[PDB]
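In the block that follows, a single chain appears as structure tokens, in the form deposited in one PDB entry.
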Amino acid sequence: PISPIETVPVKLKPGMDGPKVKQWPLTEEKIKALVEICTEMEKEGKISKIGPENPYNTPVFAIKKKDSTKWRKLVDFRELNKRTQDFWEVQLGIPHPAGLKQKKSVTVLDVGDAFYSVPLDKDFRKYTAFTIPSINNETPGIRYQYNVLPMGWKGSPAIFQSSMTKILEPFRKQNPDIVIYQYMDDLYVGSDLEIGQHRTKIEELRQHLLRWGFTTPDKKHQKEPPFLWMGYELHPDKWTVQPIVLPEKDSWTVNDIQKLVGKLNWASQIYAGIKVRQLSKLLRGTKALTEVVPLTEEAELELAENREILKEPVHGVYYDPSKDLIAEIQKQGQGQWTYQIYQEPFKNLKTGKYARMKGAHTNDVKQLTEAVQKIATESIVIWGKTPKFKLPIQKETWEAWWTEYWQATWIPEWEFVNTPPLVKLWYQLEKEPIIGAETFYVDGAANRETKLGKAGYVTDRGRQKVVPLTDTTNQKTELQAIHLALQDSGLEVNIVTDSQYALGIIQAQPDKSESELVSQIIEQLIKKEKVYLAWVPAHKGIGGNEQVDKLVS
């Protein structure tokens, strides 16, 4: 039925009128199919016939439903959506089974023809017009407009969600000891009542929904575990994901690799250790979804690893609010991190991974801090609190980082866990110049118009060097000059540059970079025993800086 709920008033964007678009696949099979669907919808008052005074139009089609033997109707409202007003969407995220508390009695229900049970605002119906053709164009055709929320319209989800919230709120206020998870038309209902009483509250809820025009078909009424919910299976003690099948191909296209990575990311919420970095690499610099991409050797190994992980059975557990949340992170290499969130050992609530490269130059301590921040945010979303962390970084390392790094940084209460490889600083710049170490006055210049540059140095012990550079930039020349000093110096070096840019990168102790030049500098800094890096202003005749300045001309 159609809810007696009040309509939500909706507008078109200011200045815009309604859609006016002609009709497609005018077949006879389709036409007769369409008049068949519409006449039943019309009998229930979901749509109404309209005539030619309504100038607007939009085209129609239909696809299949997962629940076999039902078709789904869809109208291509792409044009109307452009002209319809903006909405503030109230679905702020996706419920996760790890956020659920164990319940004595659980029910999963769904509303039938959900959108078609919510009326659409009177004044807006005329824009949802669609003509049904006539016999492959012989005559003018049959027109309808929607009286309810149409599938395919931009505002339908939000207006339904809001309507469902209004309808349930009476029942929610009344039964606070009944958890109701409301995701679109899908309702999860858990309680600590004994089954007999729980069932009373259920049909009390169902009867409340029906007064407001929401049917709950038996077909979609789950009374017994395992419950199918949001892509998972809910058991009393644990939850699984519904089986994830990865593509198996002899020859992979870009688009199949995109599909593979997406499945693996979905799997990583409970399957620990998933990696996609070498598989995602394949996607770079590509130019067509149909482009066949040969898997690198590294991508084959990564997929093989993932495939062995996915062959083993895993489950998550449910949330106990009387115990602390614990988050443990492990480093996986090449900027990849994996984590598990649990409350008792070896009983994960969920897992996950972090593998984004933020910035052109970074280090493991920064990325660890970003992983912690991602986990901290996720835990707020699911459980409303952050967890206590178990991290593979020593207190000496962290304390060395935030005393020598100029930006404020922080990590919550955490406990060192010895799960190598540990997160470490791979070098530390001396706070003071080194006695006995050679001093290099480095500098490099490039001509902005020329493409040509030089990099070189002058040293207190008397050494000089210039290297010509082609197809370079000014900032590259300066990195190149530091690169030479580190290359031609011993285990202990003092370096003077006039590049605030280069100093800025290096003083942040990066251990990885998108630049191969910065990557080379890092490899050298790690081989050194002591490095002091000092800056001076250029073109002010400083002894040494001026010397190399003059030389690199």
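Rigid core here is just the name for the largest C-alpha set that superposes within 1.5 Å across the two forms. Only residues modelled in both forms are compared. Residue numbers here begin at 1 and follow the sequence given.
There is another form of the same protein, the form deposited in another entry; it is not shown, and what comes next is about it.
Legend entry - Mobile residue between the shown form and the other one, C-alpha criterion 2 Å or more, rigid core, from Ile135, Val90, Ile94, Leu289: Going through each option, the one that shifts is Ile135.
Legend entry - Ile521: Cα shift of 2 Å or greater between the shown form and the other one (core-aligned): Result for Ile521: no, shift under 2 Å.
Inset, instruction - Superpose on the rigid core, then tell me if the C-alpha of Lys32 is displaced by 2 angstroms or more between the shown form and the other one. - result: Passes the 2 Å threshold, so yes.
Inset, instruction - Can you tell whether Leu74 sits closer to or farther from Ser134 in the other entry than it does here, judged by CA atoms, where the change is 3 Å or more? - result: Residues converge in the other entry, at least 3 Å closer.
Legend entry - Residue ranges moving between the shown form and the other one (criterion: at least three consecutive CA positions shifted 2 angstroms or more, core aligned): Residues 26 to 37, 131 to 141 form the shifted runs.
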